[PDB]
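Below you'll find only one chain, the form deposited in one PDB entry, shown as structure tokens.
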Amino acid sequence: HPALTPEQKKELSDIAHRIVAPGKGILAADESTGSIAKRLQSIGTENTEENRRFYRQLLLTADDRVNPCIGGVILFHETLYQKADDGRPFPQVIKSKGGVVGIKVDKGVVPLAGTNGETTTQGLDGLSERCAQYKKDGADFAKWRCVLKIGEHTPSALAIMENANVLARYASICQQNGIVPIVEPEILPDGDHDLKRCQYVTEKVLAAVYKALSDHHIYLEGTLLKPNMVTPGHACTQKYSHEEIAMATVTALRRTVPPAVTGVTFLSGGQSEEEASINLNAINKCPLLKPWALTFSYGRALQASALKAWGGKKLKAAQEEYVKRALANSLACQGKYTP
């Protein structure tokens, strides 16, 4: 009684390899309504459906510059069905530009009882049905975000095991519906934890994640990993260098992530665009053996300059800013980026 047939396995592996093809990354446009409301009010734009649609169309309808740059674009539930002003659907736009359609299938994080500010992620209800719907709607990969806080007694064993179990359930459902699941065990940089503590926490979290994936019979070749870079806390007084951070991140992935994983798509995790790009370039320049596609999956690290150059006015300046950021991060993913 296998989980998937060879046809499903081949399809999932093909989708994952298309997503993490050399030099290709992920554009994280899956900002929920509240997050994008904060992003738009940071520049003064009002959070309306039309403004959201126009901003996401400005992001997605970029040029041949980002054509061989973005392996896949992840959208939201609303963004999947929205149409560009040209009249073409957003998944169709992404596919025409050579990308792969993705969608966040989270329902937000909920508190865990008995632990110090630790949250597990929900969204498993009807996930099979709505993942089949998204697959029919052009989506090929999904995203599940689980956050883990480094604190005095966190990430606790309960939070770690629960998040790993929930991620494995998400991945099982997505692979059963033909959707490539991107497992994101987010570890928040909020805190004073140093690089060594962050590396230890990432190692433990990813170990539990991959044990859960093995337990749930997840086809690892048809999955992607979306972990944060091993970085110090936001309150960390001790400054760690770029190559040191890259070595820590690559080592943490090496000690845990089996090579069957098609590729690793990092996140900015609240760091600046240039810092994220140089960190990814150093990671791909690490003098170790890294048997995955160490590529990027950036949100604000791709959108901050675009939003600043946009400001809400109805375009090509913001598009060019996003294009150059995407090109820089592609060169970082290829190891040939200069800050």
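From 1 onward, residues are counted along the sequence shown.
From this point on, the text means the form deposited with a partner chain bound, which you will not see here.
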| query | finding |
| --- | --- |
| 4.5 angstroms heavy atom contact with its partner chain in the deposited complex for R39 | yes |
| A132: touches its partner chain in the deposited complex, heavy atom cutoff 4.5 angstroms | no |
| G269 within 4.5 Å of its partner chain in the deposited complex, heavy atoms | yes |
| Contact label in the deposited complex: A304 to its partner chain, heavy atom within 4.5 Å | yes |
| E243, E78, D190, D137 - the one with a heavy atom within 4.5 Å of its partner chain in the deposited complex | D190 |
| Its partner chain in the deposited complex: contacting segment from 279-287, 63-71, 45-53, 30-38, heavy atom within 4.5 Å | 30-38 |
